[PDB]
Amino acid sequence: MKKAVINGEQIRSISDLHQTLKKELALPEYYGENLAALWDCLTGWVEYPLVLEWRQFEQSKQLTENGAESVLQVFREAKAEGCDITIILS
């Protein structure tokens, strides 16, 4: 299966968050680093099943503005349409 880890305390911008996802989810080099792009990768790229472990979520919200929650929402929406995703918020 695929495992992805986000260390929330190291996230200091919405760009850091997209770069971490790029690496952790083995995203294409063209990855657009936006919500449209992430959904595209979750639904037509990424390997399943996927375990997303999001540590220090609250700290990652501080320097991402609305970014962290918008991102989490896309993964929840992916899991709502059948993608096999386990999200661990610690």
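Numbering starts at 1 and runs along the sequence shown.
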As the entry reports it, the stretch among 57-65 and 39-47 with higher mean C-alpha B factor is 57-65
Cα B factor band for residue 71 (lowest, middle or highest third within the chain) | lowest
Split the chain's modelled residues into thirds by Cα B-factor; residue 21 lands in the lowest
Chain-relative C-alpha B factor for residue 83 (record values, thirds): the highest
